[PDB]
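What follows is one structure encoded as C-alpha cells, with my remarks underneath.
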Amino acid sequence: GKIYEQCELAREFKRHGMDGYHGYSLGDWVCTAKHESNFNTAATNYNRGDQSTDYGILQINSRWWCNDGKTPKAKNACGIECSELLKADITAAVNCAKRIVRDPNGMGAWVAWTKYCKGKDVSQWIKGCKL
C-alpha cells in the first residue's frame with residue numbers, strides 16, 4: 001500500500017473528475033480521506049456489528065460495496081475485491097466512491113464527511129496544492 005501526500009491525492013481526485021462530481025468538491029474528498037484512512041490505502045477497520053470490514057483510502061465497506069469473501073449478507077455493489085482497495089493505485093476506490101455517492105445519501109455515506117467536512121470551508125485542504 002501507500003500513504004498519499006495530501007496534494008498528490010487532490011491531483012488524483014481531479015484526474016478522475018471527482019472535482020464537482022455530483023456537486024461535491026476536491027476539498028470534500030480530501031477532507032473525507034484524511035478522516036477515514038489518514039490518506040493510507042492499507043487502512044482497514046473491523047465492524048463487530050455485522051462482521052464487515054472497511055477497506056482502503058475511503059474505507060469502503062465489505063457488506064455493501066466490495067467483496068472480501070468473509071462478510072455475511074454481502075452484496076458487492078461495486079463489483080470489486082476489497083483486497084484490491086489496499087494497493088497503492090486508487091482508481092478502483094475512486095470508481096466505487098462515484099457509485100456510492102450516486103445513492104440518495106450522497107457523501108453522507110461517510111459519517112466522517114458529515115462530521116468534519118460538510119458545510120465547512122473545505123478549500124484549505126487544496127490551498128497551496130498545484131492543480
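Every read-out reported here was derived from the displayed coordinates using simple, explicitly stated rules and does not represent laboratory data. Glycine also receives a Cβ, built like all others from the backbone with ideal geometry; neighbour counts cover every protein chain displayed.
Below are the figures for this structure:
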| item | result |
| --- | --- |
| Per-residue [θ]222 nm for the chain (sum of -39500 (n - 2.57) over DSSP H runs n ≥ 4, rounded to 500) | -9000 deg cm²/dmol |
| Calculated P(r) of the chain - Cα pairs past 20 Å, % | 40 |
| Entries of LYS2/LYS130; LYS73/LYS118; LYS98/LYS127; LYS14/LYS75; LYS75/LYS98 with Cα pairs more than 27 Å apart | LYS73/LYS118; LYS14/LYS75 |
| The stretch 1-85: GluC sites (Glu not before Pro) in DSSP loop, at most 15 other beta carbons within 10 Å | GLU5 |
| Where labels lie 7 Å past Cα in the beta-carbon direction, separation of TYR116 and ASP103 in nm | 2.1 |
| Inter-site label distance for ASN40 and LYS70 at 7 Å from Cα along Cβ, in nm | 1.8 |
